[PDB]
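One structure is given here, and the rest of the page talks about it.
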Amino acid sequence: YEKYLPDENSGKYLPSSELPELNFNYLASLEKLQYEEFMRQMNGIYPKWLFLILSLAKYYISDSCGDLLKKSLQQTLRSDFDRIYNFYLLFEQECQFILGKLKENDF
Amino acid sequence: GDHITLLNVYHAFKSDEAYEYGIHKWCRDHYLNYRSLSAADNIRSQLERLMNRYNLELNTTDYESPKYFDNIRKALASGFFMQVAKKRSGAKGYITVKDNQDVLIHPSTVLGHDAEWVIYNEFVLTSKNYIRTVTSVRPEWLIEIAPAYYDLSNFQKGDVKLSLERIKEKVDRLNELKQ
RNA sequence: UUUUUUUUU
């Protein structure tokens, strides 16, 4: 970080940070912060399920497929808060998989 | 539940009302086989005699109790845990826990809604690979009753069953973690 | 839309 204010070599530094302290990777991922959303999705796939949920919700709020991804996160991580995010997905689009999103709550 | 439905059928056949109607007439009015029902009564009598012989308690619970159907389902899982099907997450058709085979629900099954976890009685091959006589069940009950067969270590790598079975496990462990 | 067999007065 002292070596330069920022270009590819810094990405190599973030790469070494990610290859091997989760904070060390998350910070480099933050400085790096759709392909970034995809790599961040891979980071969520590596899993801090809550922080990954924050990265995903930020990725959507930056999408119905992404809502399906967050619903998959509800299927994995963790219930009423999931019902609230499901309410957000419902308000975002009242269309037929939403009942399956409600199914994760399953009073 | 198909099994629950069968229980309803026999309980209605052995009812005083069905005897006041015409039993055989009552069977010929509700589209039921009298031969099968009487044979079932006979078999039930034999099995009851055997249970009384080897000293098994005849026990039951009130219909008013909400744990009635749940008790029945659990007792079903006690013997039929090896025969369980899971609906494909976000797709069509079912797949069996045992030997991992793609299957479908038999057209004569009562369940009109998609219950993702079911216990079945018969496996039948005809036009397609069909699953006959089913009843919805909670994976929690399955894990509780047969932990020996439902340890994650037994099953093949990340498939549709194991993927959400492990989610149910995460759930269980979170429940234990909070207590 | 797809039950071959059998399972104690």
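Those sequence lines, one after another, are chains A and B. Residues in the first sequence are numbered consecutively from 925, following the working numbering. Residues in the second sequence are numbered consecutively from 204, following the working numbering. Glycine residues also receive a C-beta, built at the ideal position from the N, C-alpha and C atoms.
Pull the bridge partners of residue i from the DSSP assignment, please.
i                      : result
residue 305 of chain B : B:298
residue 328 of chain B : B:332
residue 339 of chain B : B:321
Counting only beta-carbon separations shorter than 8 Å, does residue i have a partner in chain B?
i                       : result
residue 1017 of chain A : no
residue 999 of chain A  : yes
Does the separation of the CB atoms of residue i and residue j fall below 8 Å?
i                       : j                      : result
residue 952 of chain A  : residue 942 of chain A : yes
residue 956 of chain A  : residue 938 of chain A : yes
residue 315 of chain B  : residue 307 of chain B : no
residue 338 of chain B  : residue 204 of chain B : yes
residue 342 of chain B  : residue 371 of chain B : yes
residue 1002 of chain A : residue 983 of chain A : no
Let's see if you can read the secondary structure: which residues bound the beta strand (DSSP E) around residue i?
i                      : result
residue 290 of chain B : 287 to 290
Residue range of the alpha helix (DSSP H) that residue i falls in?
i                      : result
residue 939 of chain A : 932 to 942
residue 988 of chain A : 988 to 1000
residue 968 of chain A : 959 to 969
residue 230 of chain B : 227 to 230
residue 273 of chain B : 270 to 282
residue 208 of chain B : 205 to 216
residue 928 of chain A : No alpha helix (DSSP H) contains residue 928 of chain A, which DSSP labels as neither H nor E.
residue 249 of chain B : 237 to 256
Can you find a CB in chain A that lies within less than 8 Å of the CB of residue i?
i                      : result
residue 367 of chain B : yes
residue 370 of chain B : yes
Check the C-beta distance from residue i over to residue j and give it rounded, since I have them as a contact under 8 Å.
i                      : j                      : result
residue 997 of chain A : residue 980 of chain A : 6 Å
residue 352 of chain B : residue 285 of chain B : 6 Å
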